[PDB]
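Colleague: Just dropping this structure here.
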Ligand SMILES: Nc1nc2c(ncn2[C@@H]2O[C@H](COP(=O)(O)OP(=O)(O)OP(=O)(O)O)[C@@H](O)[C@H]2O)c(=O)[nH]1
Ligand SMILES: Nc1nc2c(ncn2[C@@H]2O[C@H](COP(=O)(O)OP(=O)(O)OP(=O)(O)O)[C@@H](O)[C@H]2O)c(=O)[nH]1
Ligand SMILES: COc1cc2c(c(OC)c1OC)-c1ccc(OC)c(=O)cc1[C@@H](NC(C)=O)CC2
Ligand SMILES: [Ca+2]
Ligand SMILES: [Ca+2]
Ligand SMILES: [Ca+2]
Ligand SMILES: [Mg+2]
Ligand SMILES: [Mg+2]
Ligand SMILES: [Mg+2]
């Protein structure tokens, strides 16, 4: 009985211990995947500013080449 | 704590922008000198939102004034509130754009855009927590449209997490005979679909028709048209400028008004609209949803509402307001999309506007707005089929392909509006 | 010491906390400055009211509470309000920008900036506790802070405090009471994220309290103050057992063990009786058996649903005031004879009862009349699934077209979290059907 009374408390500790780690780990990846996702959503906006600026320069070049009279 | 930075470009943008400041300064008890001469403490509880606190108990609009023709710069200084504006924030060119979108967007406006961003950056640095920008401009001109849309992109580039709002005026043959206006509007709409979070469609055809038919103004002027604009602009910003049980900002408005990123073109409305030669809450409610009171030349009963926001102003029975918004909603159930539950919210403000005991301002995201874009697309295709005046923009370095891209994108926007207009719950 | 730390998150949670701590002070005789003349145990003590209040050497009784909001407007009123010096500056936490009705902003974007600070202040309160019992978390489903940051906080609290009790008080949205179009999304996301971290959640349908205030109290057009004062009566009844000494009161552990049959089925339906105005209370007294019967009338539930069409799994009846055991036992005896009140067949004994002889207290200004016997019933009924169903339907209408979803993806979320959260809700609805089915 003593041996069983002690398996119980040691198991109860393990219950609480794994509760913490299923929470620490699940919250860990949710913040990881959210970091990546917003980094991608901001890395895509670094490519639209790049293309928008690049096209503006192509326009200003075309004006330049049209002044050659 | 939630500061908005106002920018206004072009002639139209500055005239309506000036009236906006001539209308809300009175509501907040600020005279042209910038001194507070009000009675209620509620006028100042959110003075920050649009005004900077200066030494000597002075209030200065957080406004940036722009145009490529320096003449309009002096016109504002001569205005009733001309001297309230911070003189450093006047950024003007020397040539003007001649109703050329390319000049304002790519060549001449580009040479001035950086000088404006410096004024934008200075005002932003003195904000406790910048909540967004608002632009007032026309889409048919050359500067407010071409340079205004360029500015939006550059501000979005530097402030990607700030909300971009605009009060965009688009052309109507009834108010302007300039021929290339469909080009400037179509080209600017191509930008606004991508770089603004929420845009109010101030349609000059709707403003003319309201002035002529409803107000009985055989001869309407920009002052008559701008009176409707200032009243609308005062209404849609009432909850940003005054406190209450709402406590909302520009991002909350966008979050709850825009179900899909591209469909952010609103359809303002105002009530009452009555002639000088001639009110109950149920009458406000009915007229507010009437097509004749819309600032966009569209019939909401030709489409369906995705979302709606109604702001009631003046001291009135709260329960009477809630009952009537229920009555109008279920009596118009068909014109509200069934797949967005509770898509009509109502805010109420005790302070009425000048000269009225009660006011109602309407902000609707309706699929009927497509009627506007179809009107411009029809005009655009008429000139673009024959390349009329196209050399104006090619000479500045543009490609005919960019014209078709702006055309097709606006045509796509019409399709998307029609897509969700026909959508069913099951 | 059996202390309890209150956490008030977002506008609703803060404003609901304002009404609760106001009431607590009135029930315990604590002045707005924190001084309590009747307390002779200066600087400390083992009194029951010390479970919610800490003492300072200067005789100042300080709430064991943390107020967090991502924008300062609401909590600023507390900092300048009538109870400004009741709290400590460290306990009133605010950011500069709110979550903008976006769960994602409250959970991922604006929340992260402040979450580590909030835990530290909660940590500071915990270190002052000798026997911390659990956390009480007040928040709305609809707001971006109340939904997104609360979820973040609950997850973090499970890591830093393990299985320590965490109870919620949640405001279920309603069109009547200043709701927003995306609030169904926030409610589903926060419920799914918090299901596995909360041991007992007390939803309050804002439409139900709107109706009670508008009907029982003859308030044509209720305010948040009218609603919060009513909510505080339920919160007070639940925590009275902890803030007051008594031989027949129900502590939190006793409270949770007798009301939650399965971990996920932990959403009791709250009722309060009598909710009555002064004009009606004039020359009118209601008895123990009368207020006991009112608890089972669907018209008084804090959440709109029909217990008559569902099954009870456990009932907790917290009496307070001039209530005697004999009347309590007779009133409950009658309820067990009523075939109109059906218990599941696996709940042969389904009543937890308690009495707190401290009389109900009314805010001087609060529409409730001062009564002498009140009862708050908290019942785990399957009917509560009706509230989940209504909200789940609104989620489906919008999500079928992916309306508004872009606002959440822009802040880093994936559509997978939307469907996952919806599937969890579907399992919960099926769970409530399974527990209601008769046994073999
Ligand atoms: N409602 C309203 N519309 C105006 C006003 N002023 C000009 N417009 C409209 O604006 C269009 C022309 O654009 P403008 O703003 O004048 O041109 P701009 O922005 O100054 O650019 P550029 O003239 O090319 O330098 C016309 O279609 C007018 O109908 C005004 O005060 N109120
Ligand atoms: N009962 C009650 N409900 C409230 C109160 N304040 C807000 N609510 C509810 O909360 C919802 C709005 O969310 P809030 O809690 O105000 O928003 P928040 O937590 O501050 O988060 P943000 O989005 O950042 O503003 C509405 O649906 C209301 O029904 C209140 O004082 N009492
Ligand atoms: C700028 O101040 C405003 C801000 C907002 C709103 C609004 O219209 C009433 C405003 O007045 C201009 C608003 C928009 C409508 C919504 O649904 C379409 C919603 O749920 C959301 C509402 C507002 N929330 C409530 C409960 O009214 C928040 C966003
Ligand atoms: Ca004209
Ligand atoms: Ca003591
Ligand atoms: Ca003391
Ligand atoms: Mg000009
Ligand atoms: Mg808030
Ligand atoms: Mg006991």
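Numbering starts at 1 and runs along the chain as displayed.
Structure method, as recorded: X-ray crystallography, 2.6 Å.
For all residues, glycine too, the Cβ spot is worked out from N, Cα and C.
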Colleague: Would you please say which range out of C:1-4, C:5-8 has the annotation motif 'MREC motif' in Swiss-Prot?
Modeller: C:1-4
Colleague: List the same-chain residues at least 6 positions away in sequence whose Cβ sits under 8 Å from the Cβ of residue C:15 (GTP binding site), in sequence order, or say none.
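Modeller: The list for residue C:15 (GTP binding site) reads C:74, C:224, C:228, given in order along the sequence.
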Colleague: Taking 10 A as the limit, how many CB atoms besides its own sit near the CB of residue C:254 (active site)?
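Modeller: A 10 Å sphere around the Cβ of residue C:254 (active site) contains 14 other Cβ atoms.
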Colleague: Cβ under 6 Å from an atom of ligand 9: which of these recorded positions qualify? The list is C:10, C:15, C:183, C:254.
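Modeller: What lies within reach of ligand 9, judged by Cβ under 6 Å, is C:254.
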Colleague: If you draw a 10 Å sphere around the Cβ of residue C:439 (phosphoserine), how many other Cβ atoms fall inside it, taking every protein chain shown into account?
Modeller: 6
Colleague: List the residues of the same chain that sit at least 6 positions away from residue C:183 (GTP binding site) in sequence and have their Cβ under 8 Å from its Cβ, in sequence order, or write 'none'.
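Modeller: In sequence order, the residues whose Cβ lies under 8 Å from that of residue C:183 (GTP binding site) (at least 6 apart) are C:101, C:141, C:142, C:143, C:173.
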Colleague: What residue among the recorded positions C:40, C:326, C:339, C:370 has the most other CB atoms lying within 10 A of its CB?
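Modeller: For the recorded positions C:40, C:326, C:339, C:370, the Cβ with the most other Cβ atoms within 10 Å is C:370.
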Colleague: For residue C:339 (omega-N-methylarginine), which of the recorded positions C:48, C:254, C:326 has the nearest Cα in space?
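Modeller: Sorting the recorded positions by distance from residue C:339 (omega-N-methylarginine), the top entry is C:326.
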Colleague: Compile a sequence-ordered list of residues in the same chain as residue C:10 (GTP binding site), six or more apart from it, whose Cβ lies below 8 A from its Cβ; state 'none' when nothing qualifies.
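Modeller: The list for residue C:10 (GTP binding site) reads C:69, C:70, C:106, C:139, C:140, C:143, C:145, C:146, C:149, C:150, given in order along the sequence.
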